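Participant: pasting the structure only:
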């Protein structure tokens, strides 16, 4: 639950940030914040389908932190789960 | 039930005589052997030795056999004590197994004088200096062997023939494509040359090894020798197949097989395990992890089918659904789960995306469970060496 | 060195396999085995750029094992390195 919750928190944060950083663009791939959720989860779990990608500098800086943050968010709860399994 | 007192550097121990007499051949069990340590002024046996260890030595007698090393006592120190008290090689060997060791077997030189001289520079790069030269040459041939196999597919080579612009297909151009090089006692093809030189060497190593080999029984047992056989089977089997089917209609009729054996040539890469410690460790690791490796594949399988089904239905009512069927979605599911995400297949609906989200997360957990164990085993074999 | 070596071994293996599994295709994205090296490393490190992807069943089964194998190949040596760093 913590894993899903943490991901949720990060998703909303980064979805909001990327949205606004690409807001003033005619070619913004982020129609709304809820739309960006898909991108945020895809980057955080580091799946990166590439069907949605920032195009502005700010959006890319936001995307960078989103990948890193995702890696840490997941890496915290899993070890415990792995532990129980073991 | 006469009592016996044993004083270890001041630490006092007592037991019954019949407890020590249980093992008549040991030091404390044999009256003649312990006699030397008896102190008639204090009625006790005195040993100017390591204290922490003795607790276990005495328990060995009391328990009638259990020889456990105390957790707080170094293995080298404890072993010396075991030998001093003369517990015997049977209990010592039994002690090492539990302490994690065992093994230490493997026949020596051939013993055939000269046969045992060749079996040195072809199985033990250690020995002679030249024995190392052979190893270096072997590795070279292998690498070359690999580069050769690979360039064979380079279009810059196979696109320079008779039907490179969409013309007619010749028999010796058709089989030259199926094999990678053209077979001919004329040795016109550079690739057939290198490939033949390498197989000569590999064929040499195999033979030399097979004759200079001591136990002919345990030859096709050693996985290493298996690799050496498979590294040459394609070559000769190809010749046999082509020569046995020298006409177009015949070759085409056996073209599938020929292709299989060309694919089988890649296994020559594993000819490096003989000269690679780490490669050998990895082998031991995988051999020791079959259960978790199977669990890993099984778990992935379960997740794949589940998420493939879910994504399929969530995108079913779409004219632009990238998921034609559930089996199609398998590719996407594995790609998301291993988190590779090629992006060649992606959900487009809300439900499909929620499903995709859980699929990524689930994949991360599915893999993260069995791997740690595998990593563990590897870490074992890797250090039990160095 | 072990890490690079293991990756190398896997690359060549999977590059060869994917190549042949997509050989009889007019739209094969794998021109040769050396070409497929790029794809193999990209899948194994799980980067997945998507600029090269198998299209046949056999090629996809090969790609699947390539991702999994890559995950294990890397996961073996790194723990030790992480250890030394710690």
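Facilitator: Received it, and whenever you're ready, just let me know what you need. Numbers count the residues shown, from 1 in each chain, chains lettered A, B, ... in the order given.

Participant: chain center to stretch A:44-57, what's the gap?
Facilitator: How far stretch A:44-57 lies from its chain's middle: 8 Å, per C-alpha atoms, centre = their mean, to the nearest Å.

Participant: And stretch A:24-44, by the same measure?
Facilitator: 10 Å.

Participant: wait, does that stretch contact chain C?
Facilitator: No - between stretch A:24-44 and chain C, judged by C-beta under 8 Å from any C-beta of the partner chain, nothing touches; the nearest distance is 11.7 Å. In short, each C-beta sits where N, CA and C put it, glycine included.

Participant: Now do the end-to-end distance for that stretch.
Facilitator: End-to-end distance for stretch A:24-44, by C-alpha to C-alpha, to the nearest Å: 24 Å.

Participant: Let me see the contact set for the closest residue to residue A:58 other than its chain neighbours.
Facilitator: Leaving aside its chain neighbours, residue A:58 sits nearest to residue A:21 (3.7 Å; criterion: C-beta to C-beta, 6 or more residues apart in numbering or on different chains). Contacts for residue A:21 were tallied using C-beta atoms under 8 Å, 6 or more residues apart in numbering or on different chains; they are A:54, A:56, A:58-59, A:61-62.

Participant: ok, 6 Å please
Facilitator: A:56, A:58-59, A:62 (C-beta atoms under 6 Å, 6 or more residues apart in numbering or on different chains).

Participant: Restrict those to the buried ones and give me that as a ChimeraX selection.
Facilitator: Buried subset of those, written as a ChimeraX selection, criterion 16 or more other C-beta atoms under 10 Å in any protein chain shown:
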select /A:56,59,62
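
Participant: between the contacts of residue A:21, which is nearest residue A:5?
Facilitator: residue A:62 (21.3 Å; C-beta to C-beta).

Participant: Would you mark the buried spots in the helix or strand that closest one falls within?
Facilitator: If you go by DSSP states H and E, residue A:62 is part of helix A:57-75. Applying a neighbour-count criterion of 16+ other C-beta under 10 Å, one finds A:59, A:62-63, A:66, A:69-70, A:73-74 buried in helix A:57-75.

Participant: do stretch A:17-34 as well
Facilitator: Those would be A:17-19, A:21-22, A:28-30, A:33, for stretch A:17-34 by 16+ other C-beta under 10 Å.

Participant: and which of the residues you listed is nearest residue C:3?
Facilitator: Closest to residue C:3, out of all of the buried residues of stretch A:17-34 and judged by C-beta to C-beta, is residue A:18, at 33.7 Å.

Participant: and that closest one, backbone torsions?
Facilitator: Per-residue torsions, residue A:18: phi -60, psi -40 (degrees, to the nearest 10).

Participant: okay but it is in contact with residue A:36, surely?
Facilitator: Yes - using C-beta atoms under 6 Å, residue A:18 is in contact with residue A:36, at 5.2 Å.

Participant: Need the residues touching each of the two.
Facilitator: residue A:30.

Participant: hmm, back to that, may I ask which two of the buried residues of helix A:57-75 are separated the most?
Facilitator: A:59 and A:74 (22.4 Å).

Participant: Kindly provide the distance from the closest residue to residue A:69 other than its chain neighbours to residue A:47.
Facilitator: Nearest residue to residue A:69, sequence neighbours excluded (C-beta to C-beta, 6+ apart): residue A:10, at 5.5 Å. Between residue A:10 and residue A:47 the computed distance is 14 Å (C-beta to C-beta, to the nearest Å).

Participant: Then residue A:71?
Facilitator: 12 Å.

Participant: Residue A:10 and residue A:47: who's more crowded?
Facilitator: Each of residue A:10 and residue A:47 has its neighbours counted (other C-beta atoms under 10 Å in any protein chain shown); residue A:47 has more, 29 against 21.

Participant: So the more buried one belongs to a strand, correct?
Facilitator: No - counting by DSSP: H, G, I helix; E, B strand; the rest coil, residue A:47 falls outside a strand, being coil.

Participant: Backbone torsions only: list them for it.
Facilitator: According to degrees, to the nearest 10, residue A:47 has phi -80, psi -30.

Participant: Contacts only, for it.
Facilitator: B:336, B:339, B:341, B:360.

Participant: Can you tell me the SS state at the residue of chain A found nearest chain C?
Facilitator: At 6.0 Å from chain C, residue A:50 is the closest residue in chain A, using C-beta to the nearest C-beta. Under the three-state scheme (three-state DSSP), residue A:50 adopts coil.

Participant: tell me the centre residue of chain A?
Facilitator: residue A:40 (2.6 Å; C-alpha atoms, centre = their mean).

Participant: Just give me the closest of the buried residues of helix A:57-75 to chain B.
Facilitator: Looking across the buried residues of helix A:57-75 and measuring by C-beta to the nearest C-beta, the closest to chain B is residue A:74, at 6.1 Å.

Participant: Leaving out chain neighbours, which residue sits closest to that closest one?
Facilitator: Per C-beta to C-beta, 6+ apart, closest to residue A:74 is residue B:364, 6.1 Å.

Participant: Is residue A:63 in contact with residue A:54, as I believe?
Facilitator: Yes - the criterion here is C-beta under 6 Å, and residue A:63 meets it with residue A:54 at 4.8 Å.
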